[PDB]
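J.: Before I ask anything, here is the structure I am working with.
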Amino acid sequence: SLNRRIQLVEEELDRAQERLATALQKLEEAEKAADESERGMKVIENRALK
Amino acid sequence: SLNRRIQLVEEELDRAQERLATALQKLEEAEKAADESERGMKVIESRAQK
Amino acid sequence: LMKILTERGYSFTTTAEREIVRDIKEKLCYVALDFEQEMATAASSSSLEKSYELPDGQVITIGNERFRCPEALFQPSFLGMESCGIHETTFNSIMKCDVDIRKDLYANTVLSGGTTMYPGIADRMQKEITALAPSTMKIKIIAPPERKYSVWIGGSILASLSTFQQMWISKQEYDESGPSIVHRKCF
Amino acid sequence: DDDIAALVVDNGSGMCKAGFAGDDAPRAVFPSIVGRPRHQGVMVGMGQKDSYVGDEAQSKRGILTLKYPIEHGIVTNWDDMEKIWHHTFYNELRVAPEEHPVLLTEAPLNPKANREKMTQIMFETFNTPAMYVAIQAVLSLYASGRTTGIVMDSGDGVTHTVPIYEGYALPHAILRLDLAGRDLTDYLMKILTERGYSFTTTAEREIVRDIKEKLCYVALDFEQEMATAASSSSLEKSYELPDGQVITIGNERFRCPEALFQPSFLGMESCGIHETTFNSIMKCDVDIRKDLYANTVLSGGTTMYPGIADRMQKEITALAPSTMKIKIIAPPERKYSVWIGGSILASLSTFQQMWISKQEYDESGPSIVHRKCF
Amino acid sequence: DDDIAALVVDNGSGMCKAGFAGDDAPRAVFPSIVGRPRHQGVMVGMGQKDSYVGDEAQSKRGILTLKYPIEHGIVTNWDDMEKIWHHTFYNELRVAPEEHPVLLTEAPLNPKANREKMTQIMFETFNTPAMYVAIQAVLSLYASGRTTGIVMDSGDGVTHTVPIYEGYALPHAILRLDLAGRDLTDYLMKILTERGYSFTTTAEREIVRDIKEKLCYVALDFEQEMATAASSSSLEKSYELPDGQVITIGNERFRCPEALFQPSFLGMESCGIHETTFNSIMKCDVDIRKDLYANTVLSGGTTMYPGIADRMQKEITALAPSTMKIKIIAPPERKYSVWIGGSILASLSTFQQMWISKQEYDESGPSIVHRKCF
Amino acid sequence: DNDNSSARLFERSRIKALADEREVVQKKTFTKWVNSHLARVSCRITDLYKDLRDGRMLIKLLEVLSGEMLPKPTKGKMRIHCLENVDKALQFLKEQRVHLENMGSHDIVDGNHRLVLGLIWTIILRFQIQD
Amino acid sequence: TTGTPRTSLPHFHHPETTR
Ligand SMILES: Nc1ncnc2c1ncn2[C@@H]1O[C@H](COP(=O)(O)OP(=O)(O)O)[C@@H](O)[C@H]1O
Ligand SMILES: Nc1ncnc2c1ncn2[C@@H]1O[C@H](COP(=O)(O)OP(=O)(O)O)[C@@H](O)[C@H]1O
């Protein structure tokens with residue numbers, strides 16, 4: 001019985017690690033898009049103030 | 001031996017799950033902030049066009 | 001295995017000795033991950049040799065014939081058949097399905113039967129199917145340790161269900177419709 | 001306050017949208033397909049399900065045949081439409097249909113029995129207190145926020161252009177063309193055979209539709225684009241099938257939307273969409289064409305290809321006299337614009353006088369919809 | 001002399017037929033198979049043959065693996081095609097290929113590189129002075145003798161329908177079903193496994209195909225035929241294997257070709273051949289449907305099952321409106337019709353201008369076929 | 001291109017935010033309503049999506065609301081037994097002529113939010129409680 | 001030398017459907 005129990009817990013751990021990795025990558029992409037947004041913000045602000 | 005190993009595996013799984021949960025919450029907040037910033041960019045762009 | 005054991009000099013021809021050859025195959029056979037390297041290694045050294053004891057007390061040595069016998073599963077041309085191997089059969093059965101459901105079938109390959117218990121079938125099967133499949137699809141071979149009895153165990157799962165009490169072939173139904181009722185009732 | 005928000009349900013050939021009155025965006029959007037199993041079921045013990053509706057039909061598209069109840073803006077199988085409406089009311093919005101009035105949309109020109117049948121179904125099967133039928137192109141002009149203009153709406157089944165001047169519509173200048181996204185999807189399935197890709201069944205039609213949504217655009221000049229594609233392989237893209245195989249379409253990116261402008265590729269004698277818009281403008285009176293040229297409004301999901309606005313502006317400017325200006329008004333969220341207009345129609349104070357009551361239906365039969373709806 | 005005879009080669013998935021232009025019948029008919037030896041030869045001095053092409057491969061089926069260069073109308077292996085064409089030119093007809101023009105046939109819808117590869121092989125290797133490529137079902141209409149009708153061609157590779165009215169072909173009404181004879185052979189093997197006979201090797205597929213050709217027919221009423229075959233044993237036949245074993249085909253004789261009308265037996269959700277023909281008719285215009293109903297032409301070897309004409313006529317009459325004439329035209333030699341009309345195409349005087357010259361191929365490359373044929 | 005990005009922003013913000021706001025509030029309301037009736041058997045659910053997967057709690061809730069004896073739950077721990085129990089609950093709902101559309105056992109077992117919420121809404125609206 | 005209706009191959013996961 002303990003062999004199958006350890007198998008189940010190990011599979012769940014591997015799945016959780018995969019989900020954590022893809023969440024971190026998505027967070028990096030979101031931060032990069034947020035930076036590009038404020039770049040566009042000041043260039044449009046310069047055009048409008050002229 | 002198996003009853004000794006299962007404790008460590010379960011603890012590692014629990015703490016991986018906690019890391020996944022906090023990463024997901026941070027990703028949600030970052031996505032909301034990015035959407036708000038891009039909408040703010042669009043408003044000023046439309047004003048400049050007019 | 002009998003045919004290639006004749007190649008070393010040991011002769012097995014009667015029906016009683018076929019059980020001895022079957023026991024030899026069950027005890028001292030395995031599947032090589034790479035066939036050409038395993039043949040080269042077995043030709044170079046004698047580390048792969050094993051010894052078996054006959055029921056009369058004589059001692060035989062298998063040696064090279066350990067991985068050649070299961071290899072006929074993946075190369076049927078050894079036996080004279082022109083059919084494809086089990087990995088190509090599984091891949092072809094996957095390719096006959098619809099495009100939308102192929103990913104789930106790739107991820108849920110299940111092995112069963114007593115033949116699937118040579119040491120190293122799972123790794124070799126995963127390697128061959130991964131070689132055939134595209135790189136983005138990821139292969140996942142599932143083999144429970146007690147696979148030899150799985151065909152029984154699911155049956156014990158099947159007969160205990162509540163719906164299955166309506167799925168029998170009744171004695172009255174057979175008496176009404178002859179022995180041909182089994183085609184209608186069963187898949 | 002005793003004001004109950006009226007459900008706004010936009011029904012098209014492709015997708016069904018649903019929400020409440022006064023909201024900014026619809027709460028539920030899902031494809032309008034009904035799927036049925038096509039293989040043997042051998043795992044006794046699992047549950048049985050006769051039909052699949054909406055996103056669940058798309059999720060399990062492998063083992064199902066999918067049928068659209070609405071074809072060319074006309075619904076053919078009414079039972080599937082009833083199932084879609086039941087799923088919308090009970091599983092998507094979680095509301096009781098007898099509490100709220102329901103506003104429905106339809107194409108301008110269609111068989112007269114459709115309005116009567118939806119009126120009968122909504123008043124008998126769902127027990128709604130009131131209902132109304134509106135034309136989608138008018139709702140697009142509500143969503144634009146301008147009283148006058150010409151509205152072209154192209155969806156999954158039907159294309160139609162109507163002119164309206166100061167809230168007055170000209171019924172004789174309304175034009176309907178039976179060219180839409182489903183014909184473009186079929187043409188893309190046909191022309192993908194040249195590169196060696198074969199798509200036959202309905203799930204493959206969904207895959208080809210996704211490919212068309214991802215990798216299609218409209219060329220400003222068709223001959224220039226064809227010469228450029230023949231000269232070099234810079235104008236190529238790669239798509240990944242669900243089974244891992246990779247396809248490369250290349251030249252077929254701008255040939256599928258070109259059938260919108262030249263319907264001779266599909267074997268149709270009828271003219272293009274720009275020609276239809278110009279003919280609808282020219283059918284109007286003389287001194288409102290000046291206002292109709294400057295207020296051209298695009299709507300529908302079919303008008304979402306890149307480069308449609310510039311190409312249509314160039315073609316209409318070529319047709320129109322050079323003395324006055326033509327501009328194309330394409331909002332970024334045009335795909336939902338029809339629904340948005342309906343919400344505004346459900347928010348006005350005078351529109352509470354325009355509902356078709358249940359007592360009026362009981363007196364007048366299903367024919368009251370022709371009297372009380374445009 | 002002048003105006004030398006131009007040879008015509010019809011290649012399908014099943015057989016290749018080659019012959020001169022003026023003759024009413026082809027000179028050579030042989031299956032398109034390329035076999036290679038499995039086992040290791042042990043007699044020294046027997047002579048070495050690397051590959052077997054044509055009839056002697058069918059003779060020596062035991063010691064070879066049979067392979068087909070054509071699958072579903074697309075040339076998968078091109079070296080095998082070069083072997084087939086060389087054996088056709090030098091062994092069956094024994095004529096010089098560089099001194100006669102060559103006419104070739106192909107399926108309507110296929111990958112566009114196939115025509116270019118045929119043109120490049122025909123010009124670069126065999127050095128033919130001219131060549132042309134034509135659609136098979138168009139040539140079937142030439143063999144029919146009328147310029148108005150719809151052609152339904154069913155071969156070993158594919159099944160295709162095309163309507164031609166007054167010499168004008170409608171490209172949007174062309175349909176290409178993928179059901180063919182090889183699928184029926186595989187289904188016959190699968191249903192022959194029910195009685196205890198097992199056929200697995202490639203050599204035994206030819207035996208199963210011969211069983212299909214000799215002991216199959218299309219039932220007029222399938223479900224009535226099932227009842228009749230279940231009631232008694234009068235619908236039984238016996239076949240003798242090459243080793244002397246005798247099998248009884250029994251019930252399966254009308255179950256193999258019935259899959260042509262109901263493809264759900266093979267797991268395909270596509271419509272039957274009768275519905276494909278009806279849909280190809282209905283895609284045409286209103287005025288030309290009356291002439292298309294009365295001039296339906298059957299072609300291809302697959303349509304030589306007995307009783308297929310009556311069944312097709314009954315199904316189309318059931319689908320069509322009751323007040324019209326429906327008649328099915330089935331020539332007794334239709335297996336060669338694609339060849340025969342093609343020979344007529346090589347006899348006309350106006351056809352000499354549309355040969356693809358060697359100079360044009362040199363100037364424009366292999367793509368010129370897309371400009372010159374069809 | 002850019003218009004596609006703007007449309008993606010519009011849908012992803014507005015439609016998703018309004019939808020899951022409504023699901024959150026309705027889920028809390030439905031969870032409280034179910035927990036009101038499930039205290040007689042002394043069973044409590046903390047999450048509406050997770051606790052209804054095995055089908056025992058749905059059977060107990062129908063047991064409380066109907067007041068009649070449903071058949072035996074299937075003794076098991078697998079996916080097949082969960083499908084069996086949810087199918088038993090849906091068959092008992094079909095016995096009372098409660099009209100459900102797009103409702104399957106695998107949908108409830110797999111944990112679809114919309115279909116579970118719709119099933120609970122149909123239980124609240126159409127089903128009547130015996131006293 | 002009435003049309004046939006479309007048919008569907010049977011199911012076995014449920015025993016019968018009567019009413
Ligand atoms: N982003 C896009 N780019 C190109 N085509 C699209 C896009 N989105 C939707 N379509 C096409 O528009 C169709 C959906 O139109 P829709 O607005 O749903 O029509 P209706 O609402 O009248 O049914 C789809 O069939 C698809 O082919
Ligand atoms: N007498 C017959 N009766 C029934 N089927 C036949 C007969 N002769 C040939 N066939 C079928 O037709 C196929 C050959 O078709 P064919 O006309 O050669 O196609 P193609 O010429 O395009 O290769 C064979 O595979 C066989 O199954």
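Residues in the structure tokens are numbered from 1 in each chain, the chains being A, B, ... in the order shown, and ligands are numbered from 1 in the order shown.
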Mind checking which residues fall within 10 Å of residue E:114, counting only C-alpha atoms, ignoring those fewer than 5 positions away in the same chain, and posting them as a ChimeraX atom specification?
T.: /D:194,196 /E:73-76,106,119-120
J.: Name each residue within 6 Å of ligand 1, counting only C-alpha atoms and all ligand atoms, as an mmCIF file with N, CA and C atoms, in the first residue's frame.
T.:
data_model
loop_
_atom_site.group_PDB
_atom_site.id
_atom_site.type_symbol
_atom_site.label_atom_id
_atom_site.label_comp_id
_atom_site.auth_asym_id
_atom_site.auth_seq_id
_atom_site.Cartn_x
_atom_site.Cartn_y
_atom_site.Cartn_z
ATOM 1 N N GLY D 12 -26.755 34.945 -33.241
ATOM 2 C CA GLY D 12 -26.227 34.930 -34.586
ATOM 3 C C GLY D 12 -26.033 33.504 -35.067
ATOM 4 N N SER D 13 -25.529 33.395 -36.296
ATOM 5 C CA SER D 13 -25.219 32.079 -36.842
ATOM 6 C C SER D 13 -24.056 31.433 -36.100
ATOM 7 N N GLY D 14 -23.058 32.226 -35.719
ATOM 8 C CA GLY D 14 -21.867 31.689 -35.092
ATOM 9 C C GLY D 14 -21.934 31.546 -33.586
ATOM 10 N N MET D 15 -22.178 32.647 -32.879
ATOM 11 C CA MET D 15 -22.090 32.670 -31.428
ATOM 12 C C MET D 15 -23.338 33.302 -30.830
ATOM 13 N N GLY D 155 -21.820 38.915 -40.340
ATOM 14 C CA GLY D 155 -21.587 37.955 -39.282
ATOM 15 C C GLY D 155 -21.142 36.600 -39.788
ATOM 16 N N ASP D 156 -21.701 35.536 -39.213
ATOM 17 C CA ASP D 156 -21.331 34.190 -39.629
ATOM 18 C C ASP D 156 -22.255 33.647 -40.709
ATOM 19 N N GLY D 181 -18.822 34.501 -42.891
ATOM 20 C CA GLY D 181 -17.620 33.806 -42.466
ATOM 21 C C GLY D 181 -17.634 32.313 -42.724
ATOM 22 N N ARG D 182 -18.821 31.701 -42.780
ATOM 23 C CA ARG D 182 -18.890 30.263 -43.027
ATOM 24 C C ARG D 182 -18.459 29.922 -44.448
ATOM 25 N N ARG D 209 -11.422 27.212 -39.031
ATOM 26 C CA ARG D 209 -11.939 28.500 -38.576
ATOM 27 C C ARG D 209 -10.966 29.178 -37.618
ATOM 28 N N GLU D 213 -9.036 32.735 -38.138
ATOM 29 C CA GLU D 213 -9.020 33.810 -37.149
ATOM 30 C C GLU D 213 -7.595 34.216 -36.790
ATOM 31 N N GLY D 300 -19.864 43.559 -36.807
ATOM 32 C CA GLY D 300 -19.826 42.123 -36.962
ATOM 33 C C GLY D 300 -18.420 41.561 -36.822
ATOM 34 N N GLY D 301 -18.359 40.260 -36.532
ATOM 35 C CA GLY D 301 -17.071 39.614 -36.344
ATOM 36 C C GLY D 301 -16.335 39.365 -37.645
ATOM 37 N N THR D 302 -17.065 39.317 -38.762
ATOM 38 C CA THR D 302 -16.428 39.096 -40.056
ATOM 39 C C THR D 302 -15.603 40.306 -40.482
ATOM 40 N N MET D 304 -13.457 41.841 -38.822
ATOM 41 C CA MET D 304 -12.334 41.940 -37.903
ATOM 42 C C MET D 304 -10.991 41.598 -38.536
ATOM 43 N N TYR D 305 -10.944 41.326 -39.837
ATOM 44 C CA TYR D 305 -9.663 41.066 -40.478
ATOM 45 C C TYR D 305 -8.837 42.349 -40.522
ATOM 46 N N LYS D 335 -17.189 43.669 -32.664
ATOM 47 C CA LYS D 335 -17.766 42.328 -32.677
ATOM 48 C C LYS D 335 -18.974 42.205 -31.758
#
J.: I want to know what sits within 8 Å of residue D:84, based on only C-alpha atoms, with residues of the same chain fewer than 3 positions away left out; could you give that as number ranges by chain?
T.: D: 32, 53-54, 80-81, 87-88
J.: Out of stretch 5-114 of chain F, which residues get helix (DSSP H, G or I) from DSSP, as a VMD selection string?
T.: chain F and resid 5 to 37 48 to 51 56 to 66 79 to 95 105 to 110 113 to 114
J.: Would you mind reading off the distance between atom CA of residue E:94 and atom CA of residue E:339, one decimal, in Å?
T.: 19.3 Å
